[PDB]
Every structure is written in C-alpha cells, then in structure tokens.
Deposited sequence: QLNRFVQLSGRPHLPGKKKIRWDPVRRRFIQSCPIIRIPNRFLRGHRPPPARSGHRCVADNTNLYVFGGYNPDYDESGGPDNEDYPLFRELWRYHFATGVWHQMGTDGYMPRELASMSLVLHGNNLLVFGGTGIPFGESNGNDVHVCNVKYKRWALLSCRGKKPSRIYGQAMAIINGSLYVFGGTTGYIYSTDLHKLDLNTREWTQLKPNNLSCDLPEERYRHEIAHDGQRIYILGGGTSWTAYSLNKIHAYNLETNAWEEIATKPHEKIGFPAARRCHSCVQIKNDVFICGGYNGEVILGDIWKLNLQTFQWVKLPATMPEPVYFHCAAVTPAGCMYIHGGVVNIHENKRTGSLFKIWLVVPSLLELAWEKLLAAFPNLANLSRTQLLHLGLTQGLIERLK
C-alpha cells in the first residue's frame, strides 16, 4: 500500500492550473498558475488575476506550504511556461500571459532558491520565437527546447543553448507539430511523449526520438502491455523520469480526462500500467519527482464541462524506497515534535548535517 496515491494537507495555496513544479530532496517548488474564478483566486487581493504570480514551496518534512518572498523581476509568463531544476537553481523559459498568445516569452530566467533571487540570462544567438507549451531538457550541461505553439502557428524546432558560453543555436536535422508534449532523455537520444494540437491528441504507441550523435530523427514502436494495450492518446499530461524509466500521468484527449499512470522503460520500450488510479483525475496539472523516488502532483482541472480546478496535492511512491527514506518517514510520523528542536539538540541526538538540513 505504498505505491498508491495519498492526499496531503496542512495555508495551502488556492486552486490553480497550467502551473509547473519541480522537486528536490527537501522541498517541492511550484511556479505559475492560472485560475479564472474570482472568489477562488483570492478575490481582489490577487492583483495578477487570473494569473498566479506566486512561487510556492511544500516542505516534505513538516508538511507546510510557504510562499517565497523572492526579489528581482518575476517573469510575467505564468501559464504553460517551462521550468527545470539545475543544481540549486530554477531555470524558467517560455510561457504566455493572459489572454493566451497575446504576450509569450522566449528568454531564460534563473531563480536561486538558496539565495531566493531572480535574474535573466544574457544568452546570445538565434533564440526560439516566443512560444508556450514547449518542452525543455538539460543534457550534458546544455538546454534543449522543442515544440510549443506561437499562438496561431505551431513549431517543431529543436533549439539548443550552451550554458557554459550561453550561446543559442537551432538544430537542423519529421514529427508532427505539437504543443504541451513531454520530453524524455537518456544522454544519447531525446524521446517525445504525448502532446497534440487543439483538435487532436497524438498516440503514444509510436515515439519520435532525436539522436544527438547522428543528428536525425527516428521512430520507435513501443511494445504494449500483456492484456491492457497501449496508453490512450493524451495531451496536457505530466511526465517524470527515474533512471531509464519514464512515468506519464494524467492528461486528456479533448473529451475525456484520463486518471491513469503508465511507465515506459527506455531500453526495452515496454509499457507497464501501474495499478493506481487517481482519487480525482485531472489534466493541465503539474507533477514532479524527488531524488528519493517519490512523485508529487498538484493543481489541474477536475471537470471538463464545468471548468472546475483543484488545489489537492497527492504523493505516490514509484520505486521501492531506500531504508534511509523509510526510516526518515517513520521517524517523522512517530515524533512530530522533532521539528521544534534546534540543530544542536538534533546533533546531540545524532542526526547528520544533511538530515537536519532536510528536517529544519
């Protein structure tokens, strides 16, 4: 009963959709969010309605939501932006404001969580056009950005940015034009999962993989389940990666919201349907994974006809946790007062510096 969805609680942010989130061993960072409901979205107190220009964090050890009071210039593209975590920094690229397509983003912002600071990268070269819904990845210390519509016309470029020299370039090698897809990688190839236009959703039984070495695209036919079949075609889903494994969760094809979760092995290309169904099936949500191997899911749209959002947060264990993680969870559950003791008291107890930093 460990690989099931468990709803967390403990002031939680209002319901939002279109946001993104990333996770490390300590906190879950949530950026962006859009909610058109006036009463739900903090009323007149939210000066950026219907956009959530707030960066939140969930503390795993204490189960508390903290809204960061960062400085600098928070980017205005708060819907369908792309966010990644590199070391102790958040890299934000793309996205759109409101109304959709009126003002998109094509630059890169960086936020240091430890310093809690915002800045803009001074990258030079031919940058991608202002797009949203694209997908990025970090491979070999370089940024790969693919897809994303410009608002009226779709894109298929595979731009690459060198972070060491901060140099932009376009990769010239074909997959269909799509947006709100997902990216997987293994250091040699980049795999496209899901996505689609506003009138169709592309099937996941065939995957387009771009080869960095050969500089050409290829098509891979994934094997199906034993008696379940391929995952249903979906867009606006969520994807996480653990070693050579890719987990797809949520999304919808246009008329039905899917609340299942699937796993694909990047070596044998075999699909596995995990026996877990969401308590509330959502799309356009955000999902993230921790180095331990726990997946967190937040936000999204619950009803496709009433256009109802949610603020429920769920956690699930995708792999067998390490003994350190199991002991940590049991100790935190058994003795909630541990968070109140100072660092010296915990050191006298015997906890290492890293464990204290995670707890405190």
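Practice problem: Any chance you could give me the deposited-sequence numbering of all the stretches lacking C-alphas? | Solution: Gaps in the modelled chain, taken against the deposited sequence, lie at 11-46, 210-215.
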